[PDB]
Amino acid sequence: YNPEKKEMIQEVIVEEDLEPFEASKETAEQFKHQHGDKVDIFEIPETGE
Amino acid sequence: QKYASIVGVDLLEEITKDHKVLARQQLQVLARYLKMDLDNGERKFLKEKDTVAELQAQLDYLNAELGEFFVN
Amino acid sequence: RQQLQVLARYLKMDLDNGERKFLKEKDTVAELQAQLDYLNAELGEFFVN
Amino acid sequence: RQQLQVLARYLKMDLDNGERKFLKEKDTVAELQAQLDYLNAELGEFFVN
Amino acid sequence: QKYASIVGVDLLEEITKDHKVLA
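Residue numbers (the entry's author numbering), protein chains in the order written: chain C, 1114 to 1162; chain A, 292 to 302, 328 to 388; chain F, 340 to 388; chain D, 340 to 388; chain B, 292 to 302, 328 to 339.
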């Protein structure tokens, strides 16, 4: 804890689609459940990720 | 080298990649300009693959209950 | 549109692969829904429920 | 604009590097102008000229 | 090998191409 640098988080709306990242199956379904329409999740058929 | 200890085990074309990255990114922006959805296809597919599994479950159930002989 | 097509062709990328696989699954549904609608005809709603 | 950005990112090129270095020099000026405005306050115009 | 029988005769840069195709 450095009171000169007190960590908060601001909610922003993605004005334009993000660069994809890899998650586990479990963690991706967790993103899909939260975001609905506003996320796309696709199995990478080699890895399973 | 710590896996090695426990089990007992002892011991050019990244330029063609960096172009295809650029082409991939260039494609994405043209798509975004054309209001074009390069996943719409695969999305609708995954959603139909679910309705099949669902109907195949209903139909596999009735074979369990009545038997092959009666359904044929 | 034309510029997109040539980048796709360069990336060995198939912008229909999605819709093709879909149309081919929509057929296997119609087929299973026919088999299942048949058995409701034969046994009746009351017996299948 | 978007097409430009991706070519830049491909060229490991930094379209802000210029403006960043500038803002950081505009600060060292304000800082030296403060030191120099101070000494005019203390000694006076007449003595510094 | 059938020409060989009649006459009597016994026996990297395809990536720069694929770009120039695109251009």
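Yeah, the Cβ is synthetic: ideal placement off N, Cα and C, and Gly gets one too.
Inset, instruction - Compute the Euclidean distance between the alpha carbons of F/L378 and F/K351, then round it to the nearest angstrom. - result: CA-to-CA, the gap between F/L378 and F/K351 works out to about 45 Å.
Legend entry - 8 Å CB neighbourhood of C/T1140 in its chain, flanking five on each side removed: Same-chain partners within the cutoff: there are none.
Inset, instruction - For D/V345, decide whether its Cβ has a neighbour in chain A, counting only Cβ atoms nearer than 8 Å. - result: Yes, because at least one Cβ of chain A sits closer than 8 Å to the Cβ of D/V345.
Legend entry - C/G1149 versus A/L362 - alpha carbon distance: Each residue's Cα considered, the two are about 15 Å apart.
Legend entry - C/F1144, enclosing alpha helix (DSSP H) - first and last residue: From DSSP, the alpha helix (DSSP H) with C/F1144 extends over 1138-1148.
Inset, instruction - To the nearest angstrom, report how far apart A/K360 and C/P1158 are at their CA atoms. - result: Going from the Cα of A/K360 to the Cα of C/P1158 covers about 18 Å.
Inset, instruction - Using the Cα positions of A/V300 and C/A1136, report the straight-line distance between them to the nearest angstrom. - result: Taking the CA atoms as reference points, A/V300 sits about 31 Å from C/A1136.
Inset, instruction - Report yes if the CB atom of A/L302 is closer than 8 Å to the CB atom of F/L371, and no otherwise. - result: Note that the C-beta distance between A/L302 and F/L371 is not below 8 Å.
Inset, instruction - Using the Cα positions of C/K1118 and D/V345, report the straight-line distance between them to the nearest angstrom. - result: Between the C-alpha atoms of C/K1118 and D/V345 there is a straight-line separation of about 34 Å.
Legend entry - CA nearest to the CA of A/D353, picked from F/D366, F/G357, F/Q342: Residue F/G357 is the option with its Cα nearest to A/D353.
Legend entry - Coarse secondary structure for F/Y349, derived from DSSP in three states: In the structure shown, F/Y349 sits in a helix (DSSP, three-state: H, G or I).
Legend entry - Buried versus exposed, by CB contacts within 10 Å (16 or more), F/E364: In summary, F/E364 is buried, with 16 or more beta-carbon neighbours lying within 10 Å of its beta-carbon over all protein chains present.
Legend entry - Proximity test, Cβ basis, 8 Å: F/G383 and chain A: For F/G383, the nearest beta carbon of chain A is not closer than 8 Å to its own beta carbon.
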